[PDB]
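Asker: Numbering (UniProt numbering), first residue to last: 3184 to 3273. For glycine and all other residues, C-beta sits at the position ideal for the given N, C-alpha and C. Here's a structure for you.
Shown next, in the form of structure tokens:
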């Protein structure tokens, strides 16, 4: 049964950049679901959902302070979660 072998990590990123949230599955499986709080994310201009084998990646583009908070990744019954902190640009 597929598990998150490597959990999501808490990150701190500057405003305006791109945040890359990464985790790893115990085998190559799909599809995974990404969430911000309890909201399931849709691939679009804001979020890019990427997969490279067992490596999973969420790109949060055009980072604003409102994009900060808890993100999660889920597959079947398994979940992993971390927080994104956004730091204001000088």
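#1: Going by C-alpha distance, which of 3244, 3234, 3237, 3263 is nearest residue 3200?
#2: Within 10 angstroms of its Cβ, does residue 3204 collect 16 or more other Cβ (buried), or is it exposed?
#3: Could you give the residue range of the beta strand (DSSP E) that holds residue 3232?
#4: For residue 3269, which residues does DSSP report across the bridge?
#5: According to DSSP, residue 3202 sits in a beta bridge with which residue or residues?
#6: Start and end of the beta strand (DSSP E) containing residue 3186?
#7: Give me, in chain order, the residues of the same chain whose beta-carbon lies closer than 6 Å to that of residue 3263; leave out the 5 immediate sequence neighbours on both sides.
Answerer: The structure says:
#1: If you number the chain shown from 1, residue 3200 lands on position 17. For residue 3200, the nearest C-alpha among the options comes from 3244.
#2: Your numbering for residue 3204 matches position 21 in the chain shown. Buried is the call here.
#3: In the chain shown, counting from the first residue as 1, residue 3232 sits at position 49. It spans 3230-3235 - the beta strand (DSSP E) in which residue 3232 sits, taken as one unbroken run.
#4: Position 86 of the chain shown, counted from the start, is the residue given in the question as residue 3269. In the DSSP output, where bridge partners are listed per residue, residue 3269 has 3196.
#5: Here the question's residue 3202 lines up with position 19 in the chain shown. DSSP output for residue 3202 lists 3243 as bridge partner(s).
#6: In the chain shown, counting from the first residue as 1, residue 3186 sits at position 3. Run containing residue 3186: none; DSSP gives neither H nor E here.
#7: Position 80 of the chain shown, counting from 1, holds the residue named residue 3263. Cβ-Cβ distances below 6 Å link residue 3263 to 3187, 3190, 3191, 3206, 3256 in the same chain, with the five nearest sequence neighbours on each side left out; the list follows chain order.
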